[PDB]
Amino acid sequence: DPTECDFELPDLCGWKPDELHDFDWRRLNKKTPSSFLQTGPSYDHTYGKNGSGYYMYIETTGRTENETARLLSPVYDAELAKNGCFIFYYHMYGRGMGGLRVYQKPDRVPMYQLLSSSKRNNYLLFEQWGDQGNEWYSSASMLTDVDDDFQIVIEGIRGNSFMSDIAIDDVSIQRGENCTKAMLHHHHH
């Protein structure tokens, strides 16, 4: 089972969309169709500028504000019981940008409770809102021991206009030292 994905292949290292959401994340190469209007990446993080590498993104043209898209990792087996990390890169460029949330879902926990307002703070690894500029940022999140198998859930929320494309790339789970390193140089909480 792969613990990292650069999204270069169409099978996405076993990541799959949520069976009940508003729309799918898309895999794409370079520029988003709405790019000319100051939104979305111009290239992925793996191969960078001039590069032709692939990222995942929400197409926000023709969707409604606060509609959500979810991308789910394969199911992992207590690889969090170490010093577990989730590390990923994201691109949030666009006026009227929506939001990006990253949850850790224990397998037993149904997606309904996971997302509910009542209980989602216990599971949020990452939450960001608004325009962040034309640039790839990164995040590293400590992962809690839930004594269960689990999934990583990346949820994009469309903003108030079609200029709210969000992209992810280069996702990763790591353990131990690699975590303390990551925390030394990745933005974290």
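Note that residue numbering follows the sequence shown and begins at 1.
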## Note on the structure
Higher avg CA temperature factor (131-139 vs 144-152, as deposited) belongs to 144-152
### Task
Identify the stretch, either 118-126 or 65-73, whose C-alpha atoms have the larger mean B-factor according to the entry.
118-126
### Summary
Max C-alpha B-factor within the set 87, 111, 92, 102 falls on 111
#### Entry: Third of the chain's Cα B-factor distribution that residue 29 belongs to, per the entry
highest
### Query
Among the modelled residues of its chain, does the C-alpha B-factor of residue 37 lie in the lowest, middle or highest third?
highest
### Message
Considering every modelled residue of the chain and its Cα B-factor in the PDB entry, is residue 162 in the lowest, middle or highest third?
### Response
highest
### Task
Would you check the entry's CA temperature factor for residue 176 and let me know if it's in the chain's lowest, middle or highest third?
highest
### Task
Relative to the other modelled residues of the same chain, rank the CA B-factor of residue 169 and answer lowest, middle or highest third.
lowest
